[PDB]
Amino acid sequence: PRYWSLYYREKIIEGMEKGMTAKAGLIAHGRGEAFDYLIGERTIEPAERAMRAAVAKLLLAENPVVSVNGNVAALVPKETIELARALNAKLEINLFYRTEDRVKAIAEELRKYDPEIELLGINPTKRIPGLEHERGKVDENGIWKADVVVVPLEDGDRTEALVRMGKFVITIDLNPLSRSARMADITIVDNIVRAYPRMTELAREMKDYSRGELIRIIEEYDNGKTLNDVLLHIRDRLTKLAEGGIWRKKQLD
């Protein structure tokens, strides 16, 4: 019982056995775990704040798209489908190490929980400026024409590149200091396996809100202060751990 930790470690490993998740993704997974260790492996209020504002924004969007990559496929294939259908958003396979067989692998896995979901990014024809070609392809009907994109667990440069295309970008990422984290319009600092079920629940509830109330939430949100507050949470936590001592303690907190 670090059961959930070890559970998702296996998912990301099987993730790669099945051809969905690159070697780099396994490394990126551990980087997340490290900041999860620092946060306390739970959903903190600043991440709840950011998830509120995100779901509001995504509910008001005209052309919302949630991006899926190798890590997402391995960890939350079911929940990424729920979240999109809750938001009425399109779903676009979108990854850096693009391979035909890796898309297929992700397509199928997604089809395992919904064999009749529409998947963009199978044969993208457009591409974002300022990247590569293999890192840069997007779908004519998804990200290309999106107003709001969710890019989870992402490499820094694509987030910035989407923002300079005038996309409003929402990210889920455990690293609050990543390039991607720094550049996004809304940064949810939380483990995706908590964030996506939570955003799915928020979407179903917040649909009941007025347009006006959703716009107020969106307009009040301050991502700068939110990222500050995530750091401050971590500091205060380290201060308190250190004051109490951790050596030979079975569990922390």
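All residue numbers refer to positions in the sequence shown, first residue = 1.
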Higher mean Cα B-factor in the deposited model: 214 to 222 or 47 to 55? 214 to 222
Stretch with the higher entry mean CA B-factor, where the candidates are 119 to 127 and 72 to 80: 119 to 127
Out of 241, 22, 12, 231, which residue has the highest Cα temperature factor in the PDB record? 22
The third of the chain into which the C-alpha temperature factor of residue 247 falls is the lowest
Looking at the C-alpha B-factor of residue 173, is it in the lowest, middle or highest third of its chain? lowest
For residue 143, does the deposited CA B-factor place it in the lowest, middle or highest third of the chain? middle
Entry-reported C-alpha B-factor of residue 194 relative to its chain, by third, is lowest
Splitting the chain's C-alpha B-factors into thirds, which one does residue 204 fall into? highest
